[PDB]
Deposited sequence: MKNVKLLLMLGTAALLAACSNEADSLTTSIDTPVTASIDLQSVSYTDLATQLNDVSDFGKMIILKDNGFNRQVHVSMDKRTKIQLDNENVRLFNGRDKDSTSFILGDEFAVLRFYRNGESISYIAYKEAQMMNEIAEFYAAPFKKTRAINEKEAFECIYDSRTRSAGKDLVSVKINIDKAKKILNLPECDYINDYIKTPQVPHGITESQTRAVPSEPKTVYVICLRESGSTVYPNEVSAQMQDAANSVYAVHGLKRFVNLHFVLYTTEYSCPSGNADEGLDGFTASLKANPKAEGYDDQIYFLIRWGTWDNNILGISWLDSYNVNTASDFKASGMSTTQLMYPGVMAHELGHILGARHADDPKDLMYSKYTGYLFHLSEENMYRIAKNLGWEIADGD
């Protein structure tokens, strides 16, 4: 029988044993719920590396039509999929205590609610289901937005995306990892860019914190803190994000230096930005990374790079895709 995940009882060990069984050639898995059945073909993401404080996190994806992705670390696992345009995450932490902390963290803003947030049991809490689209309606959270600032190689070039937990912030591994995954997926979906770049995300803590709620001033201080950091000398040519759970003033979800990374000339920590990592705004880091790689605001409301927050995870503008791919060392002759 085809392997299956029962969404009425999915636990960390369910997801871990299914995903640890995914070989280089992929594996069919059926997602099952009441009135719901989706067969997905899962493959390991061999292009993206993630360490969160040296903890290794692996990524998996269904086919494009499957609208399904997974995250797996030693401490947590995520299944996220889209149904009727809504992003549904099943979040499962291995240790009971942390799973309870996570459930209480997600339950707190809500104190039809089960359609937005539900603890999943097998008695014993095994995961939480969050429908962020229903959750934002119930919590009447604002639209939010952005507004930001100014030859196929033999092997893909490794580019580190160094993510720095803002001092005094608390972020959760499932939430940070989801942002990194959508950011990585958003780049690889463009012009076969896996042939050109392999993104390596790391998360550390920084002493820096924004002195105000102004995202512009915060980014100025962040980029300056990188230049003044001895640990970072010699790494001025990588990509940097300051991350927090929350947003900035004026419902600003993130900010970055526009068109500031190019594989030939990257330097001086110019390729820096800031991003929220909270679950209800997927794709913010993807959006800011697109800006860093040269993407500008697109007109299509279904584009990741639309000026307001849309919830879409993929570049649609041919012009942006060109600019991003060019900055990563591709050219039109290379095709897709």
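- In sequence order, the deposited residues that have no C-alpha coordinates form the ranges 1 to 33, 145 to 149, 161 to 167, 193 to 195, 199 to 211.
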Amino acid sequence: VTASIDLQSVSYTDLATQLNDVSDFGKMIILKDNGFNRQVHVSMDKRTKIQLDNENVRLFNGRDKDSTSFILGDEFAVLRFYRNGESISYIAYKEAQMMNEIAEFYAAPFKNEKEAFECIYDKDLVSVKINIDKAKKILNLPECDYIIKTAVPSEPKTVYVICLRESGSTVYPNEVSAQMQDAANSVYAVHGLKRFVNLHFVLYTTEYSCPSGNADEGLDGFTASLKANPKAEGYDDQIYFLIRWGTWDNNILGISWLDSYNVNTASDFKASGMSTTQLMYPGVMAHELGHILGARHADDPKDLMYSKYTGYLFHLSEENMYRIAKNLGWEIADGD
From here on, numbers count along this sequence of modelled residues.
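- The PDB entry records a higher mean C-alpha B factor for 22 to 30 than for its counterpart among 22 to 30 and 51 to 59.
- Annotation for 281 to 289 versus 299 to 307: the higher mean temperature factor (C-alpha) is found in 299 to 307.
- When the C-alpha B-factors of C144, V202, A184, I91 are read from the PDB record, the largest value belongs to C144.
- The top Cα temperature factor in the record, among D259, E75, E113, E175, falls on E113.
- Annotation for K123: CA B-factor lies in the highest third of the chain's modelled residues.
- Annotation for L79: C-alpha temperature factor in the lowest third relative to the rest of the modelled chain, per the entry.
- Among all modelled residues in its chain, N100 ranks in the highest third by Cα B-factor.
- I71 sits in the lowest third of its chain by CA B factor, as recorded in the PDB entry.
- Remark: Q39 belongs to the middle third of its chain, ranked by C-alpha B-factor as recorded.
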